[PDB]
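This is protein-v2.txt. It holds compact mmCIF, N, CA and C atoms.
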# COMPACT_ATOMS: atom_id res chain seq x y z
N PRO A 1 15.70 7.95 -6.43
CA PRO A 1 16.30 6.81 -5.72
C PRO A 1 15.58 6.53 -4.40
N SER A 2 15.42 7.56 -3.57
CA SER A 2 14.71 7.40 -2.31
C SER A 2 13.27 7.89 -2.43
N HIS A 3 13.11 9.16 -2.77
CA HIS A 3 11.79 9.75 -2.93
C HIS A 3 11.27 9.51 -4.34
N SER A 4 11.93 8.65 -5.08
CA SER A 4 11.53 8.35 -6.46
C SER A 4 12.15 7.03 -6.90
N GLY A 5 11.40 6.24 -7.65
CA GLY A 5 11.89 4.96 -8.13
C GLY A 5 10.89 4.33 -9.07
N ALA A 6 11.36 3.66 -10.11
CA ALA A 6 10.47 3.11 -11.12
C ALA A 6 9.77 1.83 -10.63
N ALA A 7 8.44 1.87 -10.53
CA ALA A 7 7.67 0.73 -10.02
C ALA A 7 6.57 0.31 -10.99
N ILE A 8 6.08 -0.90 -10.79
CA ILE A 8 5.00 -1.47 -11.58
C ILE A 8 3.72 -1.45 -10.76
N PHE A 9 2.69 -0.81 -11.28
CA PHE A 9 1.44 -0.69 -10.56
C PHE A 9 0.32 -1.39 -11.31
N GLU A 10 -0.10 -2.55 -10.81
CA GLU A 10 -1.11 -3.37 -11.48
C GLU A 10 -0.63 -3.79 -12.86
N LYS A 11 0.58 -4.33 -12.86
CA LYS A 11 1.18 -4.99 -14.03
C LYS A 11 1.67 -4.00 -15.10
N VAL A 12 1.36 -2.72 -14.95
CA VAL A 12 1.93 -1.71 -15.84
C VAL A 12 3.20 -1.12 -15.23
N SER A 13 4.24 -1.07 -16.03
CA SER A 13 5.52 -0.53 -15.60
C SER A 13 5.50 1.00 -15.63
N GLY A 14 5.93 1.61 -14.54
CA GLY A 14 5.96 3.05 -14.46
C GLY A 14 6.97 3.55 -13.45
N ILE A 15 6.74 4.76 -12.96
CA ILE A 15 7.66 5.39 -12.03
C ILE A 15 6.93 5.85 -10.78
N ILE A 16 7.65 5.93 -9.69
CA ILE A 16 7.10 6.37 -8.42
C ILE A 16 7.87 7.59 -7.93
N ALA A 17 7.14 8.59 -7.48
CA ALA A 17 7.77 9.75 -6.89
C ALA A 17 7.05 10.22 -5.63
N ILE A 18 7.69 10.03 -4.49
CA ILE A 18 7.20 10.58 -3.24
C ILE A 18 7.69 12.01 -3.15
N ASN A 19 6.77 12.93 -3.09
CA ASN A 19 7.12 14.33 -3.04
C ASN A 19 6.57 14.95 -1.80
N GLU A 20 7.42 15.54 -0.98
CA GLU A 20 6.88 16.43 -0.01
C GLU A 20 7.26 17.85 -0.43
N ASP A 21 6.45 18.39 -1.32
CA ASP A 21 6.29 19.82 -1.55
C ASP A 21 4.82 20.12 -1.33
N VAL A 22 4.09 19.02 -1.25
CA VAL A 22 2.68 18.96 -1.58
C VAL A 22 1.80 18.94 -0.32
N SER A 23 0.49 19.00 -0.55
CA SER A 23 -0.51 18.68 0.46
C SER A 23 -0.19 17.28 0.96
N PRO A 24 -0.75 16.77 2.08
CA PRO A 24 -0.04 15.79 2.93
C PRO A 24 0.68 14.75 2.08
N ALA A 25 1.98 14.59 2.39
CA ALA A 25 2.97 14.03 1.46
C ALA A 25 2.40 12.99 0.53
N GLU A 26 2.74 13.14 -0.73
CA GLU A 26 2.11 12.39 -1.78
C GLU A 26 3.13 11.62 -2.59
N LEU A 27 2.76 10.42 -2.96
CA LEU A 27 3.52 9.59 -3.86
C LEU A 27 2.85 9.69 -5.20
N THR A 28 3.60 9.71 -6.26
CA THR A 28 3.02 9.82 -7.56
C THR A 28 3.58 8.77 -8.48
N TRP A 29 2.77 7.79 -8.80
CA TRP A 29 3.17 6.78 -9.75
C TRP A 29 2.85 7.25 -11.15
N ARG A 30 3.88 7.51 -11.90
CA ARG A 30 3.76 8.02 -13.24
C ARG A 30 4.38 7.02 -14.20
N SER A 31 3.58 6.48 -15.10
CA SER A 31 4.05 5.46 -16.02
C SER A 31 5.26 5.95 -16.80
N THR A 32 6.17 5.01 -17.05
CA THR A 32 7.45 5.29 -17.69
C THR A 32 7.28 6.03 -19.02
N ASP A 33 6.15 5.79 -19.69
CA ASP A 33 5.84 6.47 -20.95
C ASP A 33 5.22 7.84 -20.69
N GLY A 34 4.58 7.98 -19.54
CA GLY A 34 3.94 9.23 -19.20
C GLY A 34 2.46 9.23 -19.54
N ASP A 35 1.92 8.05 -19.76
CA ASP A 35 0.51 7.90 -20.10
C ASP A 35 -0.37 8.01 -18.87
N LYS A 36 -0.22 7.05 -17.98
CA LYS A 36 -1.06 6.96 -16.80
C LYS A 36 -0.28 7.36 -15.55
N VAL A 37 -1.02 7.81 -14.55
CA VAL A 37 -0.46 8.34 -13.31
C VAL A 37 -1.39 8.00 -12.14
N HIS A 38 -0.80 7.64 -11.00
CA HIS A 38 -1.57 7.28 -9.82
C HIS A 38 -0.91 7.85 -8.57
N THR A 39 -1.55 8.82 -7.95
CA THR A 39 -0.97 9.49 -6.79
C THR A 39 -1.52 8.92 -5.47
N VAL A 40 -0.64 8.74 -4.48
CA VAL A 40 -1.04 8.27 -3.16
C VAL A 40 -0.85 9.35 -2.09
N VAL A 41 -1.88 9.60 -1.29
CA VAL A 41 -1.77 10.51 -0.15
C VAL A 41 -1.38 9.72 1.09
N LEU A 42 -0.14 9.91 1.50
CA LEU A 42 0.44 9.23 2.66
C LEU A 42 -0.42 9.38 3.92
N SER A 43 -1.15 10.48 4.02
CA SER A 43 -1.99 10.70 5.19
C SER A 43 -3.24 9.83 5.15
N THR A 44 -3.78 9.62 3.96
CA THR A 44 -4.91 8.71 3.80
C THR A 44 -4.42 7.27 3.97
N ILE A 45 -3.11 7.11 3.91
CA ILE A 45 -2.47 5.83 4.12
C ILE A 45 -2.30 5.52 5.61
N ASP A 46 -2.89 4.42 6.04
CA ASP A 46 -2.77 3.94 7.41
C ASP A 46 -1.42 3.25 7.63
N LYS A 47 -1.05 2.37 6.69
CA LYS A 47 0.19 1.61 6.79
C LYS A 47 0.89 1.58 5.44
N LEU A 48 2.20 1.49 5.43
CA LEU A 48 2.92 1.15 4.22
C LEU A 48 3.58 -0.20 4.40
N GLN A 49 3.61 -0.94 3.32
CA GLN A 49 4.17 -2.28 3.30
C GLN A 49 5.30 -2.34 2.30
N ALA A 50 6.20 -3.26 2.53
CA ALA A 50 7.34 -3.46 1.65
C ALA A 50 7.94 -4.84 1.93
N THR A 51 8.38 -5.53 0.88
CA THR A 51 8.92 -6.89 1.01
C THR A 51 10.09 -6.95 1.98
N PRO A 52 9.98 -7.84 2.96
CA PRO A 52 11.05 -8.15 3.91
C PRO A 52 12.13 -9.00 3.25
N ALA A 53 13.28 -9.12 3.91
CA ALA A 53 14.35 -9.99 3.42
C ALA A 53 13.84 -11.42 3.28
N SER A 54 12.85 -11.77 4.10
CA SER A 54 12.23 -13.08 4.06
C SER A 54 11.42 -13.28 2.77
N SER A 55 10.98 -12.18 2.19
CA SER A 55 10.24 -12.21 0.93
C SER A 55 11.21 -12.45 -0.22
N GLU A 56 10.73 -13.13 -1.26
CA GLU A 56 11.55 -13.45 -2.41
C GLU A 56 11.45 -12.34 -3.45
N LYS A 57 10.62 -11.36 -3.14
CA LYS A 57 10.31 -10.29 -4.08
C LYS A 57 10.82 -8.96 -3.55
N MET A 58 10.60 -7.92 -4.35
CA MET A 58 10.80 -6.55 -3.90
C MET A 58 9.58 -5.75 -4.31
N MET A 59 8.74 -5.37 -3.35
CA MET A 59 7.51 -4.66 -3.65
C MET A 59 7.06 -3.82 -2.47
N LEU A 60 6.35 -2.75 -2.78
CA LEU A 60 5.74 -1.88 -1.78
C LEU A 60 4.22 -1.99 -1.84
N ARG A 61 3.54 -1.63 -0.76
CA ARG A 61 2.09 -1.50 -0.78
C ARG A 61 1.61 -0.51 0.28
N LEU A 62 1.04 0.59 -0.18
CA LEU A 62 0.56 1.64 0.69
C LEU A 62 -0.93 1.43 1.02
N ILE A 63 -1.20 1.13 2.28
CA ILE A 63 -2.54 0.78 2.76
C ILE A 63 -3.32 2.04 3.12
N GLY A 64 -4.41 2.30 2.41
CA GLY A 64 -5.22 3.46 2.73
C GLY A 64 -6.22 3.15 3.83
N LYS A 65 -6.49 4.13 4.68
CA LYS A 65 -7.44 3.97 5.76
C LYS A 65 -8.81 3.60 5.22
N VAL A 66 -9.42 2.61 5.86
CA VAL A 66 -10.73 2.14 5.45
C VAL A 66 -11.80 3.14 5.85
N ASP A 67 -12.87 3.17 5.08
CA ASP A 67 -13.92 4.15 5.26
C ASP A 67 -14.85 3.75 6.39
N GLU A 68 -14.54 4.23 7.58
CA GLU A 68 -15.34 3.94 8.77
C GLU A 68 -16.50 4.91 8.92
N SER A 69 -16.56 5.93 8.07
CA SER A 69 -17.57 6.97 8.21
C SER A 69 -18.97 6.44 7.91
N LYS A 70 -19.08 5.57 6.92
CA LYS A 70 -20.34 4.91 6.63
C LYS A 70 -20.11 3.43 6.33
N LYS A 71 -20.39 2.60 7.32
CA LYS A 71 -20.26 1.16 7.20
C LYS A 71 -21.05 0.65 6.00
N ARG A 72 -20.45 -0.28 5.28
CA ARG A 72 -21.06 -0.82 4.08
C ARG A 72 -22.00 -1.96 4.44
N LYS A 73 -22.77 -2.40 3.47
CA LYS A 73 -23.72 -3.48 3.65
C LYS A 73 -23.74 -4.35 2.42
N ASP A 74 -24.30 -5.55 2.52
CA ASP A 74 -24.27 -6.47 1.41
C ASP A 74 -25.49 -6.27 0.52
N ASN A 75 -25.76 -7.22 -0.36
CA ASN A 75 -26.81 -7.08 -1.36
C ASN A 75 -28.17 -6.73 -0.76
N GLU A 76 -28.43 -7.19 0.46
CA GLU A 76 -29.75 -7.03 1.06
C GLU A 76 -29.72 -5.91 2.07
N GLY A 77 -28.61 -5.20 2.08
CA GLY A 77 -28.46 -4.07 2.97
C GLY A 77 -28.19 -4.51 4.39
N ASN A 78 -27.46 -5.61 4.52
CA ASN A 78 -27.14 -6.17 5.83
C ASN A 78 -26.12 -5.30 6.55
N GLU A 79 -24.84 -5.62 6.38
CA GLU A 79 -23.72 -4.82 6.90
C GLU A 79 -22.40 -5.57 6.73
N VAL A 80 -21.45 -4.92 6.10
CA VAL A 80 -20.11 -5.47 5.95
C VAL A 80 -19.09 -4.45 6.42
N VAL A 81 -17.98 -4.92 6.95
CA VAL A 81 -16.90 -4.03 7.33
C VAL A 81 -15.71 -4.21 6.39
N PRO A 82 -15.62 -3.34 5.37
CA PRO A 82 -14.58 -3.39 4.34
C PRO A 82 -13.17 -3.49 4.90
N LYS A 83 -12.34 -4.28 4.23
CA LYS A 83 -10.92 -4.27 4.49
C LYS A 83 -10.29 -3.11 3.73
N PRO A 84 -9.41 -2.35 4.41
CA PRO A 84 -8.82 -1.15 3.85
C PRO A 84 -8.14 -1.40 2.52
N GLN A 85 -8.43 -0.54 1.55
CA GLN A 85 -7.86 -0.68 0.23
C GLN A 85 -6.42 -0.22 0.25
N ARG A 86 -5.65 -0.72 -0.67
CA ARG A 86 -4.22 -0.57 -0.63
C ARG A 86 -3.67 -0.31 -2.01
N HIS A 87 -2.53 0.35 -2.07
CA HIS A 87 -1.90 0.67 -3.33
C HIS A 87 -0.56 -0.04 -3.41
N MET A 88 -0.47 -1.03 -4.29
CA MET A 88 0.73 -1.85 -4.37
C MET A 88 1.58 -1.45 -5.56
N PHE A 89 2.85 -1.22 -5.32
CA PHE A 89 3.77 -0.90 -6.38
C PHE A 89 4.92 -1.90 -6.37
N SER A 90 5.10 -2.58 -7.47
CA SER A 90 6.08 -3.63 -7.56
C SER A 90 7.42 -3.09 -8.03
N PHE A 91 8.47 -3.41 -7.30
CA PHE A 91 9.82 -3.03 -7.68
C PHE A 91 10.61 -4.24 -8.15
N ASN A 92 11.82 -3.98 -8.62
CA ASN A 92 12.67 -5.03 -9.16
C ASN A 92 13.95 -5.10 -8.35
N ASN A 93 14.05 -4.24 -7.35
CA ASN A 93 15.20 -4.20 -6.48
C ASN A 93 14.79 -3.88 -5.05
N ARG A 94 15.29 -4.67 -4.11
CA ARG A 94 14.88 -4.56 -2.72
C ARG A 94 15.50 -3.34 -2.07
N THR A 95 16.61 -2.86 -2.61
CA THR A 95 17.21 -1.65 -2.09
C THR A 95 16.35 -0.44 -2.47
N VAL A 96 16.07 -0.31 -3.77
CA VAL A 96 15.15 0.71 -4.28
C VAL A 96 13.88 0.76 -3.45
N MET A 97 13.20 -0.37 -3.37
CA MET A 97 11.95 -0.43 -2.63
C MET A 97 12.17 -0.15 -1.15
N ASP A 98 13.35 -0.48 -0.63
CA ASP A 98 13.67 -0.16 0.76
C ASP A 98 13.81 1.34 0.92
N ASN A 99 14.28 1.97 -0.14
CA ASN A 99 14.52 3.41 -0.16
C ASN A 99 13.20 4.15 -0.27
N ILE A 100 12.37 3.69 -1.18
CA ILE A 100 11.02 4.21 -1.35
C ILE A 100 10.21 4.00 -0.08
N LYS A 101 10.21 2.76 0.40
CA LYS A 101 9.49 2.40 1.61
C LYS A 101 9.91 3.28 2.79
N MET A 102 11.22 3.37 3.03
CA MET A 102 11.72 4.11 4.19
C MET A 102 11.28 5.57 4.09
N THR A 103 11.19 6.04 2.85
CA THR A 103 10.77 7.40 2.58
C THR A 103 9.35 7.62 3.06
N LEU A 104 8.46 6.74 2.63
CA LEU A 104 7.06 6.86 2.95
C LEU A 104 6.83 6.65 4.43
N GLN A 105 7.29 5.51 4.94
CA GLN A 105 7.18 5.17 6.37
C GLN A 105 7.52 6.35 7.28
N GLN A 106 8.51 7.14 6.87
CA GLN A 106 8.96 8.27 7.67
C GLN A 106 7.88 9.33 7.70
N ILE A 107 7.20 9.43 6.58
CA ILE A 107 6.07 10.32 6.41
C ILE A 107 4.86 9.79 7.17
N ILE A 108 4.66 8.48 7.09
CA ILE A 108 3.52 7.84 7.73
C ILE A 108 3.62 7.97 9.24
N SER A 109 4.77 7.60 9.78
CA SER A 109 5.07 7.76 11.20
C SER A 109 4.95 9.22 11.60
N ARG A 110 5.21 10.09 10.63
CA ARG A 110 5.11 11.52 10.81
C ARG A 110 3.65 11.91 10.98
N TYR A 111 2.77 11.26 10.22
CA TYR A 111 1.37 11.62 10.22
C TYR A 111 0.60 10.88 11.29
N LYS A 112 1.17 9.78 11.78
CA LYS A 112 0.60 9.05 12.90
C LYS A 112 0.88 9.79 14.19
N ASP A 113 1.94 10.60 14.17
CA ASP A 113 2.25 11.48 15.28
C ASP A 113 1.21 12.59 15.36
N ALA A 114 0.60 12.88 14.23
CA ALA A 114 -0.39 13.94 14.13
C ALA A 114 -1.75 13.38 13.76
N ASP A 115 -1.97 12.13 14.12
CA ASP A 115 -3.23 11.46 13.81
C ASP A 115 -4.15 11.50 15.02
N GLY B 1 -7.07 -19.99 0.86
CA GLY B 1 -7.83 -19.59 2.06
C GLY B 1 -9.22 -20.18 2.08
N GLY B 2 -10.17 -19.43 2.61
CA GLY B 2 -11.53 -19.90 2.69
C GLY B 2 -11.87 -20.39 4.08
N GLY B 3 -13.14 -20.66 4.32
CA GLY B 3 -13.57 -21.12 5.62
C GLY B 3 -14.57 -22.25 5.51
N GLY B 4 -14.75 -22.98 6.60
CA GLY B 4 -15.68 -24.08 6.60
C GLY B 4 -14.99 -25.43 6.69
N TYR B 5 -13.73 -25.41 7.10
CA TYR B 5 -12.95 -26.64 7.21
C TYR B 5 -11.99 -26.56 8.39
N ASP B 6 -11.36 -27.68 8.71
CA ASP B 6 -10.47 -27.77 9.86
C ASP B 6 -9.16 -27.06 9.57
N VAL B 7 -8.62 -26.40 10.60
CA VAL B 7 -7.41 -25.58 10.50
C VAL B 7 -7.45 -24.68 9.26
N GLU B 8 -8.63 -24.10 9.02
CA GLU B 8 -8.82 -23.14 7.94
C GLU B 8 -7.90 -21.93 8.11
N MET B 9 -7.74 -21.17 7.04
CA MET B 9 -6.84 -20.03 7.05
C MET B 9 -7.59 -18.79 6.63
N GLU B 10 -8.85 -18.74 7.02
CA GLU B 10 -9.70 -17.61 6.72
C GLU B 10 -9.16 -16.36 7.41
N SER B 11 -9.28 -15.23 6.74
CA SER B 11 -8.74 -13.93 7.16
C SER B 11 -7.20 -13.91 7.15
N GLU B 12 -6.58 -15.02 7.54
CA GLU B 12 -5.12 -15.14 7.51
C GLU B 12 -4.60 -15.07 6.09
N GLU B 13 -5.36 -15.63 5.16
CA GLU B 13 -5.00 -15.68 3.77
C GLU B 13 -4.83 -14.27 3.19
N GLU B 14 -5.79 -13.39 3.45
CA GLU B 14 -5.74 -12.04 2.90
C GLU B 14 -4.65 -11.21 3.57
N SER B 15 -4.41 -11.45 4.84
CA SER B 15 -3.41 -10.71 5.59
C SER B 15 -1.99 -11.12 5.17
N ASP B 16 -1.82 -12.40 4.88
CA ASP B 16 -0.51 -12.91 4.47
C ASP B 16 -0.35 -12.81 2.96
N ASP B 17 -1.40 -12.31 2.31
CA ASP B 17 -1.44 -12.21 0.85
C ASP B 17 -0.45 -11.18 0.32
N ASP B 18 -0.13 -10.19 1.14
CA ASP B 18 0.80 -9.14 0.76
C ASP B 18 2.19 -9.70 0.56
N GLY B 19 2.70 -10.36 1.60
CA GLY B 19 4.03 -10.91 1.55
C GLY B 19 5.07 -9.90 1.97
N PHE B 20 4.61 -8.81 2.58
CA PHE B 20 5.47 -7.69 2.93
C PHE B 20 5.52 -7.51 4.44
N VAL B 21 6.29 -6.52 4.86
CA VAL B 21 6.34 -6.12 6.26
C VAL B 21 6.29 -4.60 6.34
N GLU B 22 5.64 -4.08 7.37
CA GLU B 22 5.59 -2.64 7.58
C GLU B 22 6.73 -2.21 8.48
N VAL B 23 7.29 -1.05 8.19
CA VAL B 23 8.38 -0.51 8.98
C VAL B 23 7.86 0.64 9.84
N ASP B 24 7.68 0.36 11.11
CA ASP B 24 7.14 1.33 12.04
C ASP B 24 7.87 1.22 13.37

Could I get this file's structure written as structure tokens?
Amino acid sequence: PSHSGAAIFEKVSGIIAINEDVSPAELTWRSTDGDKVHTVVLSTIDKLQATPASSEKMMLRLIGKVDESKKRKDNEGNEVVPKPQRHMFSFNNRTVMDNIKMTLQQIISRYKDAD
Amino acid sequence: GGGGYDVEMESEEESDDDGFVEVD
């Protein structure tokens, strides 16, 4: 319910489980069938996102820190500054996603204290 | 989005593309 909730990740329906038993708190999206799985490291996550009341949807998105260690470049080896990649999980209930979101955010704020 | 026009929404488009809010 809070540390776990069924979400859709890239149009596939599955489940989400934020677990802190683990190396820096991890979310684990495990498909409802148990086929595919996608784990998120909250510490590699810079920001977490979740639909506001103003939004017509209910969805989360965990933003991973962009790779500043080696700046990227374009086809000719110029230079580009990548926008941080993100992990979006779609929910069907704003309470659920509020529960999931609040769970992660607490972890994120936890890791920003130690960032 | 895109750029090269008046009152363009470049960069704003991708940022508002989420439709979410962060709780911090």

Q: For chain B, work out the contacting residues on chain A at 6 Å, counting all atoms listed in the file, and write them as a list in words.
A: residues 48, 49, 50, 51, 52, 55 and 105 of chain A

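Reported to one decimal place, the separation of atom C of residue 42 in chain A from atom N of residue 14 in chain A is 21.0 Å.
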
Q.
Neighbouring residues of range 98-104 of chain A were defined as those with any atom within 6 Å, considering all atoms listed in the file; residues of the same chain fewer than 2 positions away were excluded. Please report them as number ranges by chain.
A. A: 1-4, 93-96, 106-109

(Q) Just to confirm, what's the straight-line distance from CA of residue 15 in chain A to CA of residue 45 in chain A in Å (one decimal)? (A) 19.1 Å

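Interatomic distance, atom C of residue 91 in chain A to atom C of residue 22 in chain A: 26.0 Å.
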
Show me, as AutoDock Vina command-line options, the centre and edge lengths in Å to one decimal of the axis-aligned box that covers every listed atom of range 5-17 of chain A with 5 Å on each side.
--center_x 5.4 --center_y 2.6 --center_z -10.8 --size_x 23.0 --size_y 25.2 --size_z 20.4

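Here the question is which of A:7, A:17, A:12, A:114 gets nearest to residue 41 in chain A using only C-alpha atoms, and that residue is A:17.
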